[PDB]
Amino acid sequence: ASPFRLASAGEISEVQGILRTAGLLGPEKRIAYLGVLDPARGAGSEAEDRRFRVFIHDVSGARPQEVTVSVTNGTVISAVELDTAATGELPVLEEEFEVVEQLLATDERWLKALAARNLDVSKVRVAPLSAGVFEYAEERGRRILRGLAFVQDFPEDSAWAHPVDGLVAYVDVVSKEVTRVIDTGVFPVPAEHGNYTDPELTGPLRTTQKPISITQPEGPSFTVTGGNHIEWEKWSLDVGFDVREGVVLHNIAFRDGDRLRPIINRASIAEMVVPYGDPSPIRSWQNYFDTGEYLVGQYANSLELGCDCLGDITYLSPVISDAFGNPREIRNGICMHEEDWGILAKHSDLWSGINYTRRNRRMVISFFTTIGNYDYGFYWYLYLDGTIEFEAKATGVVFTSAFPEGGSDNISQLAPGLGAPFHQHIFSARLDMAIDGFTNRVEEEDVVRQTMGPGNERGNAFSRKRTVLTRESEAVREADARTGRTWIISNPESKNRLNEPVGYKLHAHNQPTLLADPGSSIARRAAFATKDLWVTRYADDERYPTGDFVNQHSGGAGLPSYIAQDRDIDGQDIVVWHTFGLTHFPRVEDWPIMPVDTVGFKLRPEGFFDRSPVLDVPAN
Ligand SMILES: [Cu+2]
Numbered sequence: 016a017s018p019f020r021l022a023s024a025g026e027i028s029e030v031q032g033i034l035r036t037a038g039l040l041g042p043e044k045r046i047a048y049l050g051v052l053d054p055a056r057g058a059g060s061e062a063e064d065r066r067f068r069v070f071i072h073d074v075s076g077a078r079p080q081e082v083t084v085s086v087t088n089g090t091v092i093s094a095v096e097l098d099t100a101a102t103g104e105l106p107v108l109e110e111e112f113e114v115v116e117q118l119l120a121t122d123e124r125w126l127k128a129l130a131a132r133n134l135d136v137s138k139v140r141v142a143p144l145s146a147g148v149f150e151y152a153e154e155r156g157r158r159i160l161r162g163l164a165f166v167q168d169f170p171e172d173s174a175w176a177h178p179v180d181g182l183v184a185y186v187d188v189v190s191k192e193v194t195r196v197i198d199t200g201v202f203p204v205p206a207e208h209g210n211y212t213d214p215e216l217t218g219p220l221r222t223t224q225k226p227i228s229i230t231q232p233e234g235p236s237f238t239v240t241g242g243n244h245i246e247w248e249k250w251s252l253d254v255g256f257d258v259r260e261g262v263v264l265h266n267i268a269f270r271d272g273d274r275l276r277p278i279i280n281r282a283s284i285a286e287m288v289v290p291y292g293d294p295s296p297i298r299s300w301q302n303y304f305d306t307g308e309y310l311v312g313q314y315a316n317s318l319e320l321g322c323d324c325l326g327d328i329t330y331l332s333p334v335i336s337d338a339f340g341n342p343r344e345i346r347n348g349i350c351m352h353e354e355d356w357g358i359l360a361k362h363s364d365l366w367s368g369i370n371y372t373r374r375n376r377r378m379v380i381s382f383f384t385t386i387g388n389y390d391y392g393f394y395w396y397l398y399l400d401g402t403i404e405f406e407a408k409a410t411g412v413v414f415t416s417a418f419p420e421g422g423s424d425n426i427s428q429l430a431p432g433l434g435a436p437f438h439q440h441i442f443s444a445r446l447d448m449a450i451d452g453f454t455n456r457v458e459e460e461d462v463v464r465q466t467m468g469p470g471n472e473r474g475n476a477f478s479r480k481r482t483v484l485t486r487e488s489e490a491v492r493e494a495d496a497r498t499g500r501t502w503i504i505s506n507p508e509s510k511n512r513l514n515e516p517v518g519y520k521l522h523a524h525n526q527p528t529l530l531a532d533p534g535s536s537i538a539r540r541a542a543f544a545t546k547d548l549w550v551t552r553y554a555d556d557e558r559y560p561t562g563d564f565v566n567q568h569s570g571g572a573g574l575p576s577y578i579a580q581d582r583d584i585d586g587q588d589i590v591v592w593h594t595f596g597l598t599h600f601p602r603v604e605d606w607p608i609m610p611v612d613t614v615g616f617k618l619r620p621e622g623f624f625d626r627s628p629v630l631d632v633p634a635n
């Protein structure tokens, strides 16, 4: 009954029939993106209208379309042709991935390059990578992938241990032709294997680990109704799933006594960029927008009980569309469970004789995606005390290269002759705020040091200041860890019992933002990654910080273009965009498979409640 329910297999079949009956989904058509649209802004929005947005690719070379359909009417609402040279190519299709290796295997330049290295072509895997926008005019308007080669000594061999440096090819995957093959010289192919299930590398497994059993003999404390609506320890929200963004959180709210108080209207990771910092021509074009170009949702893993998710697990199995409009189920794609989180609050009072201890808990919503060599886990946490946290967990196999004789300033060595180029993993969280409702404002809070003098005679005082961001043109902010900079999102029209505006404080990790030169191609396509915090006035069509079509787009779209409208944000329907990321200088311990590293952010209440909201937690 809820308009935020997950898309069903039946709705996706219906979309397929509608597009077919309308003549839009012929044999040469492919769905490159399909997802449900959010309900438009309407406090009394009654008539449900499940609409879906579709990107339709044409394998014949015809122009692609963006289409919106109403499954709640059986009709097509809109259909537009796209000029991809102007506004960007569609996201990469899964079936295009393998074409790169097969096209290259019959190309004379490629085989000549392999023969000079004594490589057997049937043993050479090609990683199909997004192309970006650089100095090649012939690529404009065409759908291009680039390919780097790795040797697989046998079918179960880890190819990442054997990169073929000095070689790269570009491929047009619509016309199926190899545009270029570049060979800058031969490097030895690193010989050691990186097979982390081979007993000769692992040695005998440990026998010292005894089991940890986590059970809930009365089942979990949260309830799921309507497929995806969660209630847990005064929290209320809907778990959505989009093939591009992955897990999305809707209608995050908290039951403060009698009333349900909104906090966040929609929360998602709206983009993710991985820029590489190796200046070699073989790799200096390498940047993937895993969300915008590949769609992290469609590579979600099925999560195995006891290995990926431990405890009393409730699963969601979201449904997406394949390239032809048939429903595909991701079995066990989302884990939800609650977990113990240590002491919540504690005090032993000498004067009163009362000893008081309460334990904390968090609700966990997670999924895991695999893109080529990388694996990323996405974790949302909700705590008893009203804190919201996001955590990214990065693992997988590092992207490799040769390690040059004589060292490198932009690559680290993992093994004899084997290198790993420096790179970043940078995320953009889109937080459509609704602190006690939709009239919100953002203030920047800095610590203020005070000078010893009159009024401060002992030189101990210190303070803080808050600056209201009133217009979009002044709402592009950077971190300042040294002055304890945070940002407060408040509602100036909703006051707590002390007559203060209610609010939430955003705590950033203050990791470095995009390191590339501001004149570079990647600084233009990933402009959002150059600043820690952006605030925009809400609009229906401003969904992604890089725009709708990231693949091979020239740059500037998204946030810098939104901000230029200079709209009023002082007490309005606003959206916060937080950039945060990992700067990865790979280490020996990352090889042959890398332990998890983490980055994230959190929001804590700042005078939102009238007192601690966990006074009613029992002792247990
Ligand atoms: Cu990394």
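Position in the sequence shown (first residue = 1) + 15 = the working numbering.
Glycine residues also receive a C-beta, built at the ideal position from the N, C-alpha and C atoms.
Considering only heavy atoms of ligand 1, does any lie closer than 7 Å to the CB of residue i?
i	result
residue 413	yes
residue 409	yes
residue 352	no
residue 177	no
residue 438	yes
residue 593	no
residue 522	no
residue 599	yes
Please report the straight-line C-alpha distance between residue i and residue j, rounded to a whole angstrom.
i	j	result
residue 387	residue 74	24 Å
residue 77	residue 206	45 Å
residue 197	residue 126	12 Å
residue 204	residue 431	10 Å
residue 468	residue 462	19 Å
residue 567	residue 183	18 Å
residue 142	residue 166	11 Å
residue 83	residue 66	7 Å
residue 504	residue 521	8 Å
residue 435	residue 416	6 Å
residue 237	residue 621	26 Å
residue 368	residue 361	13 Å
residue 542	residue 532	11 Å
residue 174	residue 383	22 Å
residue 537	residue 290	8 Å
residue 277	residue 631	21 Å
residue 133	residue 113	23 Å
residue 243	residue 266	12 Å
residue 355	residue 399	11 Å
residue 119	residue 189	14 Å
residue 609	residue 515	47 Å
residue 32	residue 64	17 Å
residue 453	residue 158	41 Å
residue 560	residue 301	20 Å
residue 68	residue 95	12 Å
residue 298	residue 200	14 Å
residue 556	residue 596	26 Å
Write down the C-beta distance between residue i and residue j rounded to the nearest angstrom, noting that I regard them as a contact closer than 8 Å.
i	j	result
residue 393	residue 261	6 Å
residue 584	residue 486	7 Å
residue 285	residue 443	5 Å
residue 186	residue 162	6 Å
residue 517	residue 623	5 Å
residue 494	residue 581	Rounded, the Cβ-Cβ distance is 23 Å, inconsistent with contact.
residue 145	residue 160	7 Å
residue 281	residue 263	7 Å
residue 254	residue 331	6 Å
residue 370	residue 357	So it is not a contact: roughly 17 Å between Cβ atoms.
Is there a Cβ from chain D that is less than 8 Å from the Cβ of residue i?
i	result
residue 118	No chain D appears in the structure shown, which is made up of a single protein chain.
Ligand 2 and residue i: does the residue's C-beta get closer than 7 Å to at least one heavy atom of that ligand?
i	result
residue 298	Ligand 2 is not part of the structure shown, which contains ligand 1 as its ligands.
Ordered list of beta strand (DSSP E) runs contained in the segment 223-305, each at least 3 residues
Residue ranges of uninterrupted beta strand (DSSP E) with 3 or more members, entirely inside the segment 223-305 and ordered along the chain, are 238-240, 244-247, 250-257, 261-271, 274-290, 302-304.
Could I get the ranges of all uninterrupted alpha helix (DSSP H) runs contained in the segment 393-474, with 4 residues as the minimum, in chain order?
Segments of the alpha helix (DSSP H) lying fully in the segment 393-474: there are none.
Where are the alpha helix (DSSP H) runs, 4 residues long or more, that stay fully inside the segment 101-137, in chain order?
Runs of the alpha helix (DSSP H) inside the segment 101-137: 109-120, 123-131.
Give, in chain order, every unbroken run of the alpha helix (DSSP H) that is at least 4 residues long and sits entirely within the segment 545-623.
Segments of the alpha helix (DSSP H) lying fully in the segment 545-623: 574-578.
List in chain order: all unbroken beta strand (DSSP E) runs of 3+ residues lying wholly within the segment 358-396.
Taking only runs of at least 3 residues, the beta strand (DSSP E) segments lying wholly in the segment 358-396 are 370-386.
Hey, which unbroken runs of the alpha helix (DSSP H) at 4 residues or more fall wholly within the segment 57-102?
The qualifying runs are 99-102.
Quick check for students: name the residue ranges of the alpha helix (DSSP H) that lie wholly in the segment 512-544, counting only runs of 4 or more.
If only complete runs of 4 or more residues are kept, the segment 512-544 shows the alpha helix (DSSP H) at 536-540, in order along the chain.
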